[PDB]
Structure formats: C-alpha cells, structure tokens
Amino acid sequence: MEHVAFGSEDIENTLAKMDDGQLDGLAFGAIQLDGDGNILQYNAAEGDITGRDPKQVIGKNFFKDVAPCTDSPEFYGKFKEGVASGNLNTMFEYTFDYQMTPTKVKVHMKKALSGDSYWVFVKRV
C-alpha cells in the first residue's frame, strides 16, 4: 500500500508520479477531474466508499452523470470557482446520498500539478 496521508500538503506532488495502478494503493478515495468535471482517474477506494465501479466511471461528468448530489453551491460551486480562478484548495465534510446509503465523508479538493486538472480525495468520517 502507498504511503501518503490524506490532506498532505505536498500531496499534489506525490501523486504527480502515480499511474492508475499506484493510485488504487491509497487509503482514501482519489478522483482526478478536468475543468468540465469529466473524470480522468478514479481509485479503488472511492469505488469502495461509493459502490461505483472505477473503470466504468471514467469519461463521465462527475456533477452531471455520476454524482448529482454534489451539484450545489457547497460542492460544485466550489469546484468551479476554483477552475476559473486557477487555484483550489478546500476541505469540507459532506454527505454522499445518491442512489446509496447516506455516507458522511470528508472531502479535500485541490489543483493538480498537471495542466488543467483537479483532485478530490475522499475518506469516511
């Protein structure tokens, strides 16, 4: 298993070297998004938390298609204030309830090193 702590400050660096293989190795959910919110990567652990199948969720819109319950000011709005600003780094608690048992999680979103793309890291709470 891969040694990185959630909320780690330099985390967007650490993961800069991970492939889809090394990503499934973490202790917590990891989604890589573009600016439109289409999903570029999606780890085993977020599959574990949400019951979604990592491999099929790739290419879908996170906020249109995969998780409509994050299409609020308090999540999607955040995300998109970040994308136009060019910078994003926020952590917050949040309840995933879409087509699933309501699950309280903590969320950290953050801009990745790579061009136009963003992470969301998720862990139970």
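Don't overthink the numbering: it's just position in the shown sequence, from 1. Take the two forms, find the largest set of C-alpha atoms that superpose within 1.5 Å, and that set is the rigid core.
If the other structures are each fit on the rigid core, which stretch ends up farther away in C-alpha terms in 9 other deposited structures of this protein, 26-34 or 58-66? The stretch that sits farther from the shown form in 9 other deposited structures of this protein is 26-34.
Regarding 3-11 and 116-124, which shows the higher C-alpha temperature factor on average in the entry? Higher of the two, by average CA B-factor, is 3-11.
Would 102-110 or 13-21 have the larger average of its C-alpha temperature factors, as given in the entry? Averaging CA B-factors over each stretch, the winner is 13-21.
Per the entry, which of 67, 57, 91, 88 tops the list for Cα B factor? Going by the entry's C-alpha B-factors, 57 comes out highest.
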